[PDB]
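Notes follow the structure.
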Amino acid sequence: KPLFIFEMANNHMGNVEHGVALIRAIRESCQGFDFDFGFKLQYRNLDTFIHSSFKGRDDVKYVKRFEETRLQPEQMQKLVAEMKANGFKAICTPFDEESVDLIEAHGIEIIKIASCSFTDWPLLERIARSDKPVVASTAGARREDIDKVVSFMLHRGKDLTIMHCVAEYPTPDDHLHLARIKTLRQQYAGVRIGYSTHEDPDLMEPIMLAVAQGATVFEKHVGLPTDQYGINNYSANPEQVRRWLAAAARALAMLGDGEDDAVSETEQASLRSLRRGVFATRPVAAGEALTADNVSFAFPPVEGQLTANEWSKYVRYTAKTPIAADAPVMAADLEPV
Amino acid sequence: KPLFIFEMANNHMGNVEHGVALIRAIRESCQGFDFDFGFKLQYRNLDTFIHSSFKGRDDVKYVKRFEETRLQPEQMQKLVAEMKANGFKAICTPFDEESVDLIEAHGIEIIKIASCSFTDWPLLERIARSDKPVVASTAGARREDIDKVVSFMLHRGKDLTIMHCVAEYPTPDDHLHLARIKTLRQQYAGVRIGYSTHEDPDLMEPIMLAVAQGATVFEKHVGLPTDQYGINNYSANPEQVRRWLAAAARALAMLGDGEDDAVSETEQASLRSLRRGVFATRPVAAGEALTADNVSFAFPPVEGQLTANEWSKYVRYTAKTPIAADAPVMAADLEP
Ligand SMILES: [Zn+2]
Ligand SMILES: [Zn+2]
């Protein structure tokens, strides 16, 4: 049931072979874990998306990075092909209306909304008229906005998932604000809650904290280090992904199931072995009632001596058969009153 | 603020001076942290609590250990004194009703109830007569019991805390069942929840998990390995107590404040730089309306271009002054 999502973003680096080699290593990292898994792309129609005025420029963030790692629809369909080949849910973040169109053509199963497009209303309209599940990130979103967006998606019957994240790239430990996962969970009932992250140096605890807080979907950026290919400071390599899942794996075990009222057999005998048994202080005749004079409490009990945990201060029991003084009051020897 | 209770139990090994040195070793472990701390004893009037039928016997668990580590009241009084002097809160688990009297006499501040005495009504009824906050452990209680005891104390006006714990000494990782913390927060709303634990072969993650589920009171057994005395495996030394607390602190750091909605400049400025700005696709006369006909969306914007995230179907825009084809719609040029 937990779903983990692996964000490639642009870490294919403009290169498909690399990106195929990265999906396949991520599948290797998943060996043995019993979760759901999705792989994520980012769709921008670079023609429309980067404005004429900013083409070829680098005096501002992201333009150059976007232009350099550009991939053609032909090649983007190729990656989906592998994604699915390996058993990943194909997941994608459109930033354009036209990229939604494209997501459809590619038979992608799910739509992520990035935090930046969270209130990109025209983009939302385009997504709403789609018929796939939605995963929305909410970094620095106002409550009133997330409300609008939740309400609007939920009305008109969408499968929605809302994710905590922070738009600091990478995110200081100081600054993960994981408490927010619960804030979101409490604000919005019957909406899946998740956590998308820019934490990683190889951290490991945030995920446990995240699971504990009742997030059910988890997104992390991934990439494959290589000689002549670097990695950024918020993207995990295949070695740290496996660890990432090992951590969640552990946290689930340590957490157990909150459903279980059910009780261990150790616990029960242990607990008895520390309880106070009820003893007669004085001979008690047949049909004598048991009172504050005549009994006392002391440990430890024998089976199935009546214990203090069953005593009452009002008159509850008479002795069916006589009890010797200083003897354990056995519970099979008492008729209730 | 979070409360950390250190369970001494009978880890004073029956020696007052050792108990003292323990308290002192643990005060050091606490240096620097902005938490509350308590040290906890275990009170049993043994003359009376261990039944004659069982005195001198090592035939079944605990009897021996209790007898062997016996401390007199004057000696318990010295420990409480020490605890207070290092600025610890004084806490105790009484197991019989004479022990509650001694708690009152010794000036102990909080009453802990062990899981085995959780439904010990006669003890409960004695404990209810004190006016000390109650902290209550819950291992293997059935729901109806927790319900009963909970309302019992709450209706009495008690300042109650409910702990999750597990009666396996020590508790396997497998078996911590840390999500009872959430369960219990959810069934007993308003009631403070903590977690008392019997875990570590050095474990640091469960406290981080405890804290993340909103436990606020934590208990752990503690000891001072000495070679003259060893230490059992569900109780922690001073080194590993600091680690424990550091794990807690780190978790709080990573969690931050649920009720804080202030967003950063760094964050806000980050988001803007990935957003679609708004560009005029044909010329736009002054006092002319802006529609889907005349605007495209593209990236990136600049201070302070209109942004798409402000293209609501509920909002009309008219140009103050004329806008050229292919130009940024600059907000200061419109009319909400
Ligand atoms: Zn991201
Ligand atoms: Zn204990």
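Letters A, B, ... mark the chains of the structure tokens in the order given; residue numbers begin at 1 per chain; ligand numbers begin at 1, in order shown.
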Using only C-alpha atoms and all ligand atoms, determine which residues fall within 8 Å of ligand 1, then list them as a short mmCIF file (atom, residue, chain, number, x, y, z; two decimals) with N, CA and C atoms, in the first residue's frame.
data_model
loop_
_atom_site.label_atom_id
_atom_site.label_comp_id
_atom_site.auth_asym_id
_atom_site.auth_seq_id
_atom_site.Cartn_x
_atom_site.Cartn_y
_atom_site.Cartn_z
N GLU A 7 11.50 10.53 -8.70
CA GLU A 7 11.50 11.67 -9.59
C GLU A 7 12.79 11.70 -10.38
N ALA A 9 13.12 13.96 -12.78
CA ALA A 9 13.20 15.36 -13.16
C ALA A 9 13.98 15.44 -14.45
N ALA A 114 3.17 20.10 -9.62
CA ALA A 114 4.25 20.72 -8.86
C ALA A 114 3.74 21.87 -7.98
N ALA A 167 10.10 23.98 -0.62
CA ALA A 167 10.81 24.46 -1.78
C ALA A 167 12.16 25.04 -1.40
N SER A 196 6.82 14.78 -0.30
CA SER A 196 7.79 14.78 -1.40
C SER A 196 8.97 15.58 -0.91
N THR A 197 10.18 15.14 -1.23
CA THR A 197 11.32 15.62 -0.52
C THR A 197 12.55 16.09 -1.31
N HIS A 198 13.24 17.07 -0.73
CA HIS A 198 14.49 17.64 -1.25
C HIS A 198 15.51 17.66 -0.13
N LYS A 220 10.87 11.13 -3.91
CA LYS A 220 12.25 11.54 -3.76
C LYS A 220 12.91 11.63 -5.13
N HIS A 221 13.75 12.66 -5.32
CA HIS A 221 14.51 12.80 -6.57
C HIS A 221 15.59 11.75 -6.61
#
Tell me, as a PyMOL selection string, which residues lie within 12 Å of residue 293 (chain B), counting only C-alpha atoms; anything in the same chain fewer than 2 positions away does not count.
chain B and resi 279-284+289-291+295-297
Pick out the residues no farther than 9 Å from ligand 2, counting only C-alpha atoms and all ligand atoms, and list them as an MDAnalysis selection string.
chainID B and resid 7 9 114:115 137 165:167 169 196:198 219:221 234
Keeping only N, CA, C and O atoms, write the selected residues as a compact mmCIF listing (two decimals), in the first residue's frame.
# COMPACT_ATOMS: atom_id res chain seq x y z
N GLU B 7 13.77 5.99 34.79
CA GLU B 7 13.39 4.92 35.70
C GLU B 7 14.61 4.29 36.35
O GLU B 7 15.44 3.66 35.70
N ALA B 9 14.17 2.30 39.00
CA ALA B 9 13.80 0.97 39.44
C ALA B 9 14.69 0.59 40.64
O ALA B 9 14.88 1.38 41.59
N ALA B 114 2.38 1.59 37.38
CA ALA B 114 2.89 0.51 36.54
C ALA B 114 1.73 -0.19 35.88
O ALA B 114 0.58 -0.19 36.42
N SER B 115 2.04 -0.84 34.76
CA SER B 115 1.04 -1.55 34.00
C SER B 115 0.36 -2.64 34.83
O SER B 115 -0.84 -2.86 34.70
N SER B 137 0.80 3.71 33.18
CA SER B 137 1.29 2.86 32.09
C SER B 137 0.29 1.81 31.71
O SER B 137 -0.49 1.39 32.55
N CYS B 165 3.12 1.25 26.73
CA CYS B 165 4.29 0.38 26.85
C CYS B 165 4.00 -1.05 26.56
O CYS B 165 2.84 -1.43 26.37
N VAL B 166 5.06 -1.83 26.52
CA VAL B 166 4.96 -3.24 26.22
C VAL B 166 5.70 -4.00 27.31
O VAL B 166 6.84 -3.67 27.64
N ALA B 167 5.07 -5.02 27.88
CA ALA B 167 5.70 -5.81 28.96
C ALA B 167 6.56 -6.96 28.44
O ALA B 167 6.31 -8.14 28.70
N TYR B 169 10.70 -7.58 28.41
CA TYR B 169 11.87 -6.97 28.98
C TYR B 169 13.08 -7.75 28.46
O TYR B 169 13.35 -8.84 28.96
N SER B 196 6.58 4.74 27.56
CA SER B 196 7.64 4.16 28.35
C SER B 196 8.14 2.85 27.77
O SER B 196 7.38 1.96 27.38
N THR B 197 9.45 2.73 27.74
CA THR B 197 9.99 1.82 26.80
C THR B 197 10.90 0.81 27.42
O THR B 197 11.49 1.07 28.47
N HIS B 198 11.04 -0.34 26.76
CA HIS B 198 11.93 -1.36 27.27
C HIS B 198 12.75 -1.93 26.14
O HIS B 198 12.86 -3.15 26.01
N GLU B 219 9.60 7.68 29.15
CA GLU B 219 10.26 7.01 30.27
C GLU B 219 11.21 5.93 29.79
O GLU B 219 10.94 5.29 28.82
N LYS B 220 12.33 5.76 30.47
CA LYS B 220 13.34 4.75 30.10
C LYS B 220 14.08 4.35 31.36
O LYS B 220 14.33 5.20 32.19
N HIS B 221 14.40 3.07 31.50
CA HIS B 221 15.21 2.62 32.64
C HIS B 221 16.66 3.05 32.47
O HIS B 221 17.16 3.10 31.37
N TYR B 234 17.47 -3.60 29.24
CA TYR B 234 16.39 -2.79 28.80
C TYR B 234 16.57 -1.50 29.55
O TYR B 234 15.65 -0.69 29.66
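Distances from B:274, B:41, B:16, B:285 to chain A were compared using only C-alpha atoms, and the smallest one belongs to B:274.
Interatomic distance, CA of residue 97 (chain B) against CA of residue 278 (chain A): 14.2 Å.
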Could you give me, as a PDB file with N, CA, C and O atoms, in the first residue's frame, the residues within 12 Å of residue 266 (chain A), counting only C-alpha atoms and dropping anything in the same chain fewer than 2 positions from it?
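Output below, filename around-v3.pdb:
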ATOM      1  N   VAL A 263      -3.568  -9.002  22.408  1.00  0.00           N
ATOM      2  CA  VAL A 263      -2.626  -9.092  23.535  1.00  0.00           C
ATOM      3  C   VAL A 263      -1.715 -10.341  23.508  1.00  0.00           C
ATOM      4  O   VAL A 263      -2.183 -11.477  23.305  1.00  0.00           O
ATOM      5  N   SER A 264      -0.423 -10.115  23.741  1.00  0.00           N
ATOM      6  CA  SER A 264       0.551 -11.197  23.762  1.00  0.00           C
ATOM      7  C   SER A 264       0.371 -12.120  24.969  1.00  0.00           C
ATOM      8  O   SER A 264      -0.189 -11.720  25.991  1.00  0.00           O
ATOM      9  N   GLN A 268       0.810 -11.214  29.300  1.00  0.00           N
ATOM     10  CA  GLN A 268      -0.187 -11.605  30.285  1.00  0.00           C
ATOM     11  C   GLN A 268       0.372 -12.316  31.516  1.00  0.00           C
ATOM     12  O   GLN A 268      -0.072 -12.054  32.635  1.00  0.00           O
ATOM     13  N   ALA A 269       1.343 -13.196  31.313  1.00  0.00           N
ATOM     14  CA  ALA A 269       1.957 -13.915  32.418  1.00  0.00           C
ATOM     15  C   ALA A 269       2.955 -13.028  33.166  1.00  0.00           C
ATOM     16  O   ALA A 269       2.971 -13.017  34.408  1.00  0.00           O
ATOM     17  N   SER A 270       3.772 -12.288  32.410  1.00  0.00           N
ATOM     18  CA  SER A 270       4.595 -11.221  32.964  1.00  0.00           C
ATOM     19  C   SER A 270       3.797 -10.319  33.892  1.00  0.00           C
ATOM     20  O   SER A 270       4.135 -10.176  35.069  1.00  0.00           O
ATOM     21  N   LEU A 271       2.729  -9.726  33.374  1.00  0.00           N
ATOM     22  CA  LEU A 271       1.929  -8.814  34.170  1.00  0.00           C
ATOM     23  C   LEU A 271       1.361  -9.468  35.410  1.00  0.00           C
ATOM     24  O   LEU A 271       1.344  -8.848  36.461  1.00  0.00           O
ATOM     25  N   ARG A 272       0.900 -10.714  35.305  1.00  0.00           N
ATOM     26  CA  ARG A 272       0.408 -11.372  36.483  1.00  0.00           C
ATOM     27  C   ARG A 272       1.539 -11.539  37.513  1.00  0.00           C
ATOM     28  O   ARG A 272       1.331 -11.359  38.704  1.00  0.00           O
ATOM     29  N   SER A 273       2.748 -11.835  37.037  1.00  0.00           N
ATOM     30  CA  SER A 273       3.836 -12.180  37.940  1.00  0.00           C
ATOM     31  C   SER A 273       4.284 -10.996  38.781  1.00  0.00           C
ATOM     32  O   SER A 273       5.193 -11.104  39.617  1.00  0.00           O
TER      33      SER A 273
ATOM     34  N   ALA B 139       0.460  -1.141  29.260  1.00  0.00           N
ATOM     35  CA  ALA B 139       0.739  -2.427  28.634  1.00  0.00           C
ATOM     36  C   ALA B 139      -0.323  -3.473  28.955  1.00  0.00           C
ATOM     37  O   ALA B 139      -0.655  -3.713  30.104  1.00  0.00           O
ATOM     38  N   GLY B 140      -0.838  -4.104  27.907  1.00  0.00           N
ATOM     39  CA  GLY B 140      -1.826  -5.171  28.012  1.00  0.00           C
ATOM     40  C   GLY B 140      -3.103  -4.826  28.757  1.00  0.00           C
ATOM     41  O   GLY B 140      -3.772  -5.731  29.253  1.00  0.00           O
ATOM     42  N   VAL B 166       5.062  -1.834  26.524  1.00  0.00           N
ATOM     43  CA  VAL B 166       4.959  -3.241  26.222  1.00  0.00           C
ATOM     44  C   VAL B 166       5.701  -4.001  27.310  1.00  0.00           C
ATOM     45  O   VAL B 166       6.841  -3.665  27.640  1.00  0.00           O
ATOM     46  N   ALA B 167       5.067  -5.019  27.881  1.00  0.00           N
ATOM     47  CA  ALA B 167       5.700  -5.815  28.957  1.00  0.00           C
ATOM     48  C   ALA B 167       6.562  -6.963  28.435  1.00  0.00           C
ATOM     49  O   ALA B 167       6.309  -8.142  28.701  1.00  0.00           O
ATOM     50  N   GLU B 168       7.563  -6.622  27.651  1.00  0.00           N
ATOM     51  CA  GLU B 168       8.582  -7.586  27.282  1.00  0.00           C
ATOM     52  C   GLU B 168       9.853  -6.882  27.658  1.00  0.00           C
ATOM     53  O   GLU B 168      10.041  -5.719  27.320  1.00  0.00           O
ATOM     54  N   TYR B 169      10.695  -7.575  28.409  1.00  0.00           N
ATOM     55  CA  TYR B 169      11.874  -6.974  28.981  1.00  0.00           C
ATOM     56  C   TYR B 169      13.077  -7.752  28.455  1.00  0.00           C
ATOM     57  O   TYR B 169      13.347  -8.836  28.959  1.00  0.00           O
ATOM     58  N   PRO B 170      13.765  -7.246  27.402  1.00  0.00           N
ATOM     59  CA  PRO B 170      13.460  -6.069  26.611  1.00  0.00           C
ATOM     60  C   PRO B 170      12.438  -6.382  25.487  1.00  0.00           C
ATOM     61  O   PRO B 170      12.164  -7.562  25.187  1.00  0.00           O
ATOM     62  N   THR B 171      11.903  -5.321  24.887  1.00  0.00           N
ATOM     63  CA  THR B 171      10.975  -5.404  23.778  1.00  0.00           C
ATOM     64  C   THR B 171      11.743  -5.484  22.465  1.00  0.00           C
ATOM     65  O   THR B 171      12.552  -4.598  22.188  1.00  0.00           O
ATOM     66  N   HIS B 175       8.448  -5.482  17.885  1.00  0.00           N
ATOM     67  CA  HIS B 175       7.351  -5.640  18.858  1.00  0.00           C
ATOM     68  C   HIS B 175       6.987  -4.395  19.645  1.00  0.00           C
ATOM     69  O   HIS B 175       6.057  -4.417  20.452  1.00  0.00           O
TER      70      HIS B 175
END
